[PDB]
Every structure is written in C-alpha cells, then in structure tokens.
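What follows is one structure encoded as structure tokens, with my remarks underneath.
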Amino acid sequence: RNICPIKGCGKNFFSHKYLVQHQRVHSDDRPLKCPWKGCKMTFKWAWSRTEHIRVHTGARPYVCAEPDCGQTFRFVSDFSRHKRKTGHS
DNA sequence: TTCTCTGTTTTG
DNA sequence: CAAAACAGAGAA
Ligand SMILES: [Zn+2]
Ligand SMILES: [Zn+2]
Ligand SMILES: [Zn+2]
C-alpha cells in the first residue's frame with residue numbers, strides 16, 4: 001500500500017498514483033514558473049504557485065462568513081487556522 | 001507573522 | 001478520473 005522506496009523517506013500513501021507524483025519531492029526540478037513579470041520563483045506544486053501569486057496581487061480571497069467576524073486571509077492555511085480556533089464556518 | 005509545502009479531500 | 005482546493009505543518 002504505496003510505500004516510497006527512497007532512502008530516509010519510506011512514507012506510505014493513499015494511492016499509487018500519488019506515490020508517483022510524490023517523487024517530485026525527491027528531485028530538484030522546479031517545473032512551474034511564477035507568471036509575474038520579473039519574479040524568479042519556481043515551484044513543484046501547482047497550489048504553491050497559486051498561493052504565491054497572491055503575494056504579488058495583494059489579494060485576500062478567504063473571507064470568514066461568520067456573522068460579524070469580517071476577517072479576511074491571503075492564505076488558505078491561515079483561514080483554516082482561524083476556523084479551527086474560533087469555530088467559524 | 002508571512003508564506004511555501006504536501007498528503008489528502010473536494011470539485012467538475 | 002484529473003485538477004483544484006483544503007488543512008495542517010512548519011521554515012524563515
Ligand atoms: Zn518519498
Ligand atoms: Zn512571483
Ligand atoms: Zn471568523
């Protein structure tokens with residue numbers, strides 16, 4: 001059940017197909033590029049590029065819906081943290 | 001505190 | 001199913 005053979009990893013995964021995608025963690029290729037002009041950042045994961053672009057645009061797309069909370073967040077993990085701490089949503 | 005990562009879940 | 005997103009971890 002999908003064990004990574006690489007030395008000092010040995011993680012096990014929910015699926016074989018992820019086990020293969022996971023291998024990009026053990027290579028130094030960074031195939032994704034930031035589209036913002038001049039920025040040299042590169043990525044391995046598409047979500048990482050997505051969140052990163054918000055650093056350029058300044059957006060805060062995560063908007064707490066709890067009545068009268070009004071807080072907003074740039075990064076998904078920070079919105080998750082707020083939910084977990086407050087019980088909002 | 002801001003932000004990148006990544007294993008898993010959700011969406012289409 | 002593949003793509004998009006989430007949730008939590010945690011580097012800096
Ligand atoms: Zn591995
Ligand atoms: Zn960039
Ligand atoms: Zn809230």
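These values consider heavy atoms only, across backbone and side chains, with no hydrogens, waters or symmetry-generated copies. Just so it is clear: chains get the letters A, B, ... in the order the sequence lines come, proteins before strands, and each one is counted from 1.
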Sugar-phosphate, base or nothing in reach of A:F73, heavy atoms under 4.0 Å: nothing

Interatomic distance where CZ belongs to A:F43 and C1' belongs to C:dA4 [whole Å]: 16 Å

Value in whole Å for how far the P atom of C:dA7 lies from CZ of A:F79: 8 Å

Any donor-acceptor N/O pair under 3.5 Å between C:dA5 base and A:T50 side chain: no

Nearest-nucleotide comparison on DNA chain C, the residue closer to the 5′ end among A:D78 and A:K83: A:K83

Rounded distance (Å) that lies between atom P of C:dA7 and atom CZ of A:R81: 13 Å

Length of the line joining A:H82:NE2 and B:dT2:P, which is rounded to integer Å: 15 Å

Sugar-phosphate, base or nothing in reach of A:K44, heavy atoms under 4.0 Å: nothing

Sugar-phosphate, base or nothing in reach of A:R60, heavy atoms under 4.0 Å: nothing

Sugar-phosphate only, base, or nothing, as touched by A:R54 at under 4.0 Å among non-hydrogen atoms: nothing

Separation of atom CD in A:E51 from atom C1' in C:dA7, rounded to whole Å: 10 Å

Interatomic distance where CZ belongs to A:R49 and P belongs to C:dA5 [whole Å]: 12 Å

Distance, rounded to the nearest Å, where A:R24 contributes CZ and B:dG7 contributes P: 10 Å

Whole angstrom value for the distance that separates P of C:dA2 from CH2 of A:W45: 15 Å

